[PDB]
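Quick setup: one chain, the form deposited in one PDB entry, written in structure tokens, and binding and motion questions come after.
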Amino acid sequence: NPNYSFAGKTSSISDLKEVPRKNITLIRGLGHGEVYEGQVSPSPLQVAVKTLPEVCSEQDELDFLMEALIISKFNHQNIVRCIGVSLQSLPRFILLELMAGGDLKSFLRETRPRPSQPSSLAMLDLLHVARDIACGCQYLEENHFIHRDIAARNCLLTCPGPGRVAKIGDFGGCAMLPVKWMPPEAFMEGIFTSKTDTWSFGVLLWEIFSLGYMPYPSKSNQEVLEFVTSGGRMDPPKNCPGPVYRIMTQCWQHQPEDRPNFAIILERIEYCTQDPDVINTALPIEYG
């Protein structure tokens, strides 16, 4: 039993809300540690169920428990909820707010304006997603928590249709490191502040406004590392309003001190949202 500290409050395995296994029913797979759609029981609660493999390392067990502690203490509308856990039966479960819209990256790619559906997305949809995540990030920042992998793949959506809400819903010899989302100083002193998350948010913004493209498309991890360290920056996504691209380039200031905090990022997203020239910009139609 390790303890976890968040907002000056310490919690352990015993503070987690244990849900009796018999109350939990798995309905279908979602992805993969595998994830299921589930329900907890007239009016059951539908949830997502993250499982721990029964045959796993000791470190796997510890990582799984620590994750549950961390997520359970987050309390914000743009961060996916932990409903409870079921650790006293095998395989062990973590129960999460079901995000029926899936991940943001897949969504953007699938919902690109095409000849089949030319009005599938608008600029305002993108700015609302951007605002939603910025709001989750500001909460993390205010509570002195650094995420380290603010990326489209780690954002989830409440529902596929309109009225969708984006939320931070996943965490991230270094071939696994999210290099394309990391600021120059991450590789230097390896130290993290919330200005790390500011940088990654700029990359997320590029991901959002490019409609789900991989950052630095023709560049590998090491190429990106050297590019970014030498001052290299991405071009604007296709049809990207200038005001939106300026948010990205401010997030990507080499000096962390010169980067905006999330309060400032939100203000600038809001000014963009109020600009008719920005929100009336047509998104590019991908040829289908």
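By rigid core we mean the largest C-alpha set that fits within 1.5 Å across both forms. Numbering starts at 1 and follows the sequence shown.
Below, we refer to the form deposited in another entry, which is not included among the displayed structures.
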Core superposed first: is there a CA shift of 2 Å or greater at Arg21 between the shown form and the other one? no
Per-residue C-alpha change between the shown form and the other one, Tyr216, threshold 2 Å, rigid core fit: no
Core-aligned, is the CA shift for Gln274 between the shown form and the other one 2 angstroms or more? no
Taking the shown form as the reference, report whether the CA atoms of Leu95 and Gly8 lie closer or farther apart in the other form; the distance changes by 3 angstroms or more. closer
Tell me whether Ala263 and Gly8 end up closer or farther apart in the other form, going by their C-alpha atoms; the shift is 3 Å or more. farther
